[PDB]
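The block underneath contains the structure these notes are about, expressed in C-alpha cells.
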Amino acid sequence: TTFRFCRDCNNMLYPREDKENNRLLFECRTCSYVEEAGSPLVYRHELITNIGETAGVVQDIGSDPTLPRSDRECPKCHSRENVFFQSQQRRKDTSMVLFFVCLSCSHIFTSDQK
Amino acid sequence: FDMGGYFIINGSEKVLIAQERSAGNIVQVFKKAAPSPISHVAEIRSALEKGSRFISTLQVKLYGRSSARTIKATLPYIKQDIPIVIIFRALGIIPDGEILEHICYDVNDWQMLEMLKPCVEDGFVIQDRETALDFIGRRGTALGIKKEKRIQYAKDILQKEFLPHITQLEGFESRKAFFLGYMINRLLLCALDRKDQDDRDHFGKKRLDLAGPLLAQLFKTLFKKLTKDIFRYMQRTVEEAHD
Amino acid sequence: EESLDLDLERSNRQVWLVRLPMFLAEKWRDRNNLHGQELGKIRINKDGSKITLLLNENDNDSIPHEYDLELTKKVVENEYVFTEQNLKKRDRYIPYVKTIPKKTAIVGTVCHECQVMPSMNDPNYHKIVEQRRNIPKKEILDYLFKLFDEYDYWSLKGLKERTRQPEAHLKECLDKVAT
Amino acid sequence: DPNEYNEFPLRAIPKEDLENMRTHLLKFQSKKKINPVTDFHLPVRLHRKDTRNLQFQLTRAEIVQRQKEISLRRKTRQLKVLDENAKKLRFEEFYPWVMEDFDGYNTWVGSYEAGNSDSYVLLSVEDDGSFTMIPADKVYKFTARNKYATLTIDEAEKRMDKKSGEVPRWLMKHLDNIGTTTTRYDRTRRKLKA
Amino acid sequence: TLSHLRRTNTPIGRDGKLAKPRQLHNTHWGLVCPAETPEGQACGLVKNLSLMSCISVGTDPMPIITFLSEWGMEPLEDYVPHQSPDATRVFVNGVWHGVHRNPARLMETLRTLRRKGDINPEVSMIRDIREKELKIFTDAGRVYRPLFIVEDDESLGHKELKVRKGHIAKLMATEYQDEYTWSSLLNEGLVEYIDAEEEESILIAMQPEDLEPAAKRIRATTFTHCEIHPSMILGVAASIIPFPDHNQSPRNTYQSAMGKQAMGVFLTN
Amino acid sequence: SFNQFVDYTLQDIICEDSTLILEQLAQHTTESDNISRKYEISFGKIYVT
Ligand SMILES: [Zn+2]
Ligand SMILES: [Zn+2]
Numbered sequence: 002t003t004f005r006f007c008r009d010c011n012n013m014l015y016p017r018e019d020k021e022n023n024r025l026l027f028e029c030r031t032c033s034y035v036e037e038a039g040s041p042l043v044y045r046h047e048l049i050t051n052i053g054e055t056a057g058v059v060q061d062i063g064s065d066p067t068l069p070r071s072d073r074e075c076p077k078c079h080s081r082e083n084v085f086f087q088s089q090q091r092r093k094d095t096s097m098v099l100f101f102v103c104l105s106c107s108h109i110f111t112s113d114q115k
Numbered sequence: 197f198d199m200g201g202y203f204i205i206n207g208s209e210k211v212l213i214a215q216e217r218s219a220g221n222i223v224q225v226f227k228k229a230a231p232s233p234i235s236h237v238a239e240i241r242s243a244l245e246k247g248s249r250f251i252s253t254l255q256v257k258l259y260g261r264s265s266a267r268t269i270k271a272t273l274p275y276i277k278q279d280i281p282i283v284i285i286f287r288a289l290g291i292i293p294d295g296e297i298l299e300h301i302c303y304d305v306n307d308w309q310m311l312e313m314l315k316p317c318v319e320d321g322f323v324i325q326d327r328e329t330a331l332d333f334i335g336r337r338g339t340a341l342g343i344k345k346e347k348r349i350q351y352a353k354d355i356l357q358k359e360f361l362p363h364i365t366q367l368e369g370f371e372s373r374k375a376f377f378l379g380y381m382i383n384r385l386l387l388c389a390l391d392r393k394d395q396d397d398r399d400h401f402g403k404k405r406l407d408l409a410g411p412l413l414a415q416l417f418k419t420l421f422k423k424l425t426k427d428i429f430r431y432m433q434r435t436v437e438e439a440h441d
Numbered sequence: 054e055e056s057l058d059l060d061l062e063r064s065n066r067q068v069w070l071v072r073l074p075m076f077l078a079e080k081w082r083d084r085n086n087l088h089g090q091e092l093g094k095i096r097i098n099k100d101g102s103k104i105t106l107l108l109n110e111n112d113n114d115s116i117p118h119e120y121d122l123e124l125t126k127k128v129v130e131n132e133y134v135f136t137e138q139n140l141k142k198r199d200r201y202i203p204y205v206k207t208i209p210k211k212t213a214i215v216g217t218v219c220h221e222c223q224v225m226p227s228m229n230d231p232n233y234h235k236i237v238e239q240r241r242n243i295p296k297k298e299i300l301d302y303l304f305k306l307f308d309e310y311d312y313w314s315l316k317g318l319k320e321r322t323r324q325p326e327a328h329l330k331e332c333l334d335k336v337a338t
Numbered sequence: 094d095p096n097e098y099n100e101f102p103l104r105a106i107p108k109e110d111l112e113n114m115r116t117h118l119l120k121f122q123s124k125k126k127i128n129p130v131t132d133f134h135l136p137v138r139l140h141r142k143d144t145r146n147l148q149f150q151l152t153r154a155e156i157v158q159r160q161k162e163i164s325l326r327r328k329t330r331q332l333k334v335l336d337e338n339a340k341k342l343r344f345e346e347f348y349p350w351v352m353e354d355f356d357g358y359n360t361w362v363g364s365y366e367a368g369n370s371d372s373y374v375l376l377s378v379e380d381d382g383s384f385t386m387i388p389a390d391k392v393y394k395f396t397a398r399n400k401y402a403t404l405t406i407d408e409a410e411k412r413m414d415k416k417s418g419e420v421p422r423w424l425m426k427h428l429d430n431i432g433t434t435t436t437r438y439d440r441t442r443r444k445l446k447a
Numbered sequence: 491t492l493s494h495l496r497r498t499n500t501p502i503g504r505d506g507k508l509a510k511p512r513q514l515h516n517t518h519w520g521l522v523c524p525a526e527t528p529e530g531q532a533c534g535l536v537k538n539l540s541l542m543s544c545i546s547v548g549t550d551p552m553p554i555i556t557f558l559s560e561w562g563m564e565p566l567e568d569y570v571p572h573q574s575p576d577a578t579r580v581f582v583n584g585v586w587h588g589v590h591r592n593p594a595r596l597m598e599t600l601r602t603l604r605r606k607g608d609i610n611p612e613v614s615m616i617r618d619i620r621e622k623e624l625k626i627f628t629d630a631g632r633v634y635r636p637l638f639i640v641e642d643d644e645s646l647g648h649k650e651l652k653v654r655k656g657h658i659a660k661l662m663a664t665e666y667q668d678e679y680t681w682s683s684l685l686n687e688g689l690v691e692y693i694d695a696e697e698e699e700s701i702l703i704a705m706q707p708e709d710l711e712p713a726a727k728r729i730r735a736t737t738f739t740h741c742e743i744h745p746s747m748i749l750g751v752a753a754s755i756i757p758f759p760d761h762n763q764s765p766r767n768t769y770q771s772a773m774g775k776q777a778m779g780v781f782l783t784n
Numbered sequence: 050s051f052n053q054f055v056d057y058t059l060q061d062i063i064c065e066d067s068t069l070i071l072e073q074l075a076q077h078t079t080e081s082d083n084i085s086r087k088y089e090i091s092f093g094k095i096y097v098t
C-alpha cells in the first residue's frame, strides 16, 4: 500500500498496465524507470478503523512527573513500579482499557482479559 | 491612599479597561458543520507591532466528508482557492516524495499518504515553480510590464506579504515550507481524529492588552496621519520657502 | 578578453565547514586581521570522534582557549565551493542578456561539517553567557526675418532671449508678419 | 600530541587578492552523487539569466549550429525608503544562476539561500597542506530542470479545469508519443541532425 | 475603586452561544475571580483578575534565540525526517526556529537559568513531551501568578519545598525594619512565575503539608509546586465575604454586585 | 504597562518610520544637470517633559 519512489529520481510512482504481458509496471512519470508490482493491490479505502490508542510513546515517558503511579507489576520483569495511563486515541466511543508502561522491562501491557 | 493609575482629562478621573482577543500567530483548528462543503479548517492571525494593522488572515480549507478528498488553500491577494501541491512546487520543492517528507514525519504510517494521494493527483499536472506561480490571483492592482502575470510579482507577494512572522524579507522559503507542512500535519490530525478538536474558550490562547498596546495603536495611526501631512506641503512648496 | 569558462584543477579539494558563535565570528571576520598568522592549534584522535581546538593566547583570554570541534556532518556529498573574478578588460538566440559571466573557479568540495563550541568548563567560558544575557524697429524686422529663416515654428519663449527687448514692442512686431 | 596528523595552523588569503571576490557555495538536490567534471559535455558556461521560456530558449550547441549555417512627469513622487544593500541583493537575484553543458543534455537551475551564509568559514587544504581562511559570503542551491520534457502552462490549465473528472494516468506518455514539448537533449539532437 | 482598577472586558456580539465563553471554564483558575461577575445581560463578559495576578509586558526574543543557537540545535535548513525521526521541534511565539536532539537537558538548563535570574521571569516554557514539542512565549499579554518551588530530591529525605524558616525570618525582620524584597527573594530562585499556559507540565499541592509527609471537615507523591495560600484565588470584593465557603455561590455573586454600591469613605482628601 | 510604553517602544516607533526624503536631481533631463537636491527630513532622539 506504500508509495514507492523512483530510485533515480524521488518522485511519486504511478501504476500503469502492460499492454500485452499483463503485468502492473510502476513506470516513473518523470524518468523512464519502470518496475513490476509485487501484488495486484493498488488502491485501498478502509472506511472503518479503530486504531490509535497506543502509540506516541517516548523512551522516557516516566521522566515526566505528572503521570500517576501504581503498584501492579510488569509481567516480564516483576518489578512493582509502573506508569499507567489511558488511551491515546480520543473518539466518542473509545474504551476505558488502560495501558501500563514500566521502566525496568520498558514494556507496554494492558489489563484486558476477554 | 490614592494608588490609582488613571488619567485626568477636563477635570474628571478617567480609567481604561483591558481588552482581550485570541492570541495571534498560533495554530487553531475548527470543525465546521456537516451541510457546508467544508469540514475541517485552520487559521493564523497576525500582528508585527503594528504597521498598517498587519491583519493578514490565512486559512486552509478541506473538501467533502467520500471521493472529494482535496485540500485547497487561500492567500491574499488570490481570489481562487489554490490547491497546495502548486504552493509546494512554487516555493521550490519539485520532487514529490520530498513534499511528502515535508508533510508527514513517520514514513511507516500510511493513512496520511492515502489522504494526500488525490491531492498529488491534483498536482500531477504542474511540474515547475514559475509555471505554478503563473496562476493568476488577480484581485488588483493593474498589471505592469507583464505577459499574463509576472513571476516577479508573485514572488514579491510570497516574500513581502504572506505569513508576516518567520520572515518577510527575501529568502526563507524553506522555513515557509516547513511551517505550512506543520499546519497541514495538524489539520490532518484533526481530520483523522487521532487528535481532538481544539478549544476556543481556553484562557492561555487568549491575551490581555492594556494602555501600552492601546496608546501604541492610536499613536501609530495618528503618527501616520501626521507623516502624510508632512508629505503634504512638501509638494506644495514649488515656490518659496523652507518654513 | 580572457577565457569565459571556469577553472577545474582546484575542484579536487576537500573542504571543512565550520559554524561559529557570534563574538568569535566577529573576531574571525576581521579584515584588519587575517594576513597569514597562526592563531590556534588542533588535536585529533587516531580514530577521530573527538577533536579539540587549542586556541593560542592571541585572544588575551577574554574568550576561552579550550574549545571542542563538533563534527556534525562527517561525510558530505555534492557540496561545492567556488570563487569569482570579474573579467580582465523558434531558434532566436540572445547571446547577450547582459549576463556578466566571471572568471569563476570551482575551488573545493566540502567533506566535513563541524563547529567550534566554547568548552563550558573554561573560566572564560560562561562569562560569555553573562555577556550574552546582559546584551529699434527696422533692424529687428530683419533679425526676425532671419529667425523664421532659421526655424519655422520658433517658440515665443525662445523669441524672448533672441530679442531681449521690450516685449510689447516685440508683440506688435510679431503681429505684422506671422505667428 | 604525537604527530599522527597533518598539523598546519592556518595561513590566510592575500588581502590584495581579497578585493573583487565573491566565493559562494553550491549544492545539488539529488541523492545520487554528481560530479560535473565527469558528467557534463564541456564547455560549460555559467550565466545569470532570466528563465522565461527556458525550455523554448535555444541551447548553445543549437546557437553554434545556427551560426555555422549563417556563416510628461507630474513633478511629484516618493521613493519610500528601502535598504540599499537589500535592493542590490534583490537586483542581483533578479536573475538566478544557471550552469549547463554545451549540449544542453543536463541543465541546472540555481536558487539563493539566506539562512546561514554568515557563520561559515572554509578550511580548504592546499597542495603543501596549507589551510587558507576564506570567509563565505552566500550559499546557493541548484536543482535540475527540463530533464524530462516539461509541459506547457496552457494545456496544463486545460487539464486542471474540469474537462475530465480524472485526467489520464499515461497522458504525459501519450503527449511524449505525440512528440509535443520534447526534452532539451532530444531537441538539441534533432537540431544537430538537421 | 480598588475593584474597578482591575477590570477586563471582551466583545462578543448580540446573542451568541452558551458553551462559548459566556459561562466560566476550568482554565480560569488562579487568574480571575469565580464570583465577582456583574449581573444583567453581561454576566460572564466582564471579569475580574486575581489578587496576585500579573500581566506580561513582553521582552524581545533575540538573546533567547542566539542562546538557543549556541547550546545546539539543528537549524531547519538541513533537517531531514529520516535521519532525525524523533527529535523535538522548538517554537518561540509560534515560530519554528529549531529542532533539537536532547530535550531534557535543554529544558532543565532553561529552568535553572531563569531561576538564577539571567532571563526576565515573564518568559514561559512548556514541554509537551507527549507530542515531542517545546514552546517559548515572551510576548505581552500573558497572565501569571506566583508559586512555591519544590526540589524532589532531599538529603533530609523524601521531597521538600526549598524555602525555609530562616528566609521568612529575614523577611519578617525586613518588614519590621520600617533588605529583602519580593524581587530579592526572586533573584536566588525560591518563587517562580508560571503563566496561564504551563500548568499541564506541573502537579500542584493545595496545602504546604497536604501529602508532604509520606470532627472538623474532610480533606500523589510527585509534586513540584504548592500555592502560597488557597484563599488567594479570589478578587477584591470577594475578600470581604466572611467565610466564603460557608454559603452558596449566587449569594457571593449578589454580594460582589452589591459591594460596589456601598457608601462609607472613599478617600481622605 | 505605562512605564514600559514611556521607556521604550516610542523611540522604536519613531525610528521605524522616521525617514522621509525628496531628492530632486532634475525631474526632467537638463537643467544641466541639475544637482541631486536632497530635501531630507528625519527624526532622531525624542524627549519628554
Ligand atoms: Zn524516475
Ligand atoms: Zn517486566
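Residue numbers (the authors' numbering), protein chains in the order written: chain C, 2 to 115; chain S, 197 to 261, 264 to 441; chain D, 54 to 142, 198 to 243, 295 to 338; chain H, 94 to 164, 325 to 447; chain P, 491 to 668, 678 to 713, 726 to 730, 735 to 784; chain E, 50 to 98.
Note that CB positions come from ideal geometry on N, CA and C, so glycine has one too.
So the beta strand (DSSP E) residue i belongs to, where does it begin and stop?
| i | result |
| --- | --- |
| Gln67(D) | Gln67 to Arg72 |
| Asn229(D) | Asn229(D) -> no beta strand (DSSP E), and no H or E assigned at all. |
Rounded to the nearest angstrom, how far is the Cβ of residue i from that of residue j, given a contact under 8 Å?
| i | j | result |
| --- | --- | --- |
| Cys219(D) | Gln67(D) | 4 Å |
| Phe92(E) | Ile63(E) | 5 Å |
| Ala577(P) | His587(P) | That belief does not hold up - the Cβ atoms of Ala577(P) and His587(P) are roughly 14 Å apart, past 8 Å. |
By the three-class DSSP mapping on this structure, what secondary structure does residue i have?
| i | result |
| --- | --- |
| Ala402(H) | coil |
| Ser91(E) | coil |
| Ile251(S) | coil |
| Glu36(C) | strand |
| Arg104(H) | strand |
| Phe344(H) | helix |
| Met413(H) | helix |
| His140(H) | strand |
| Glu437(S) | coil |
Examine ligand 2 and report whether any of its heavy atoms sits within less than 7 Å of the Cβ of residue i.
| i | result |
| --- | --- |
| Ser80(C) | yes |
| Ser112(C) | no |
| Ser105(C) | yes |
| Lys77(C) | yes |
| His108(C) | yes |
Buried or exposed for residue i, please, with buried defined as at least 16 other CB atoms from any protein chain shown within 10 angstroms of its CB.
| i | result |
| --- | --- |
| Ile334(S) | exposed |
| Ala447(H) | exposed |
Return the first residue and the last residue of the alpha helix (DSSP H) that residue i is part of.
| i | result |
| --- | --- |
| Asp61(E) | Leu59 to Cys64 |
| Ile387(H) | Here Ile387(H) belongs to no alpha helix (DSSP H); instead the beta strand (DSSP E) covers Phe384 to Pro388. |
| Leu412(S) | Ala409 to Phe429 |
Beta carbon of residue i: closer than 7 Å to some heavy atom of ligand 1?
| i | result |
| --- | --- |
| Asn399(H) | no |
| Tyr15(C) | no |
| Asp9(C) | yes |
| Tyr34(C) | yes |
Run the proximity test for residue i: is its beta-carbon closer than 7 Å to any non-hydrogen atom belonging to ligand 3?
| i | result |
| --- | --- |
| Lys415(H) | By its list of ligands, the structure shown excludes ligand 3, since it contains just ligand 1 and ligand 2. |
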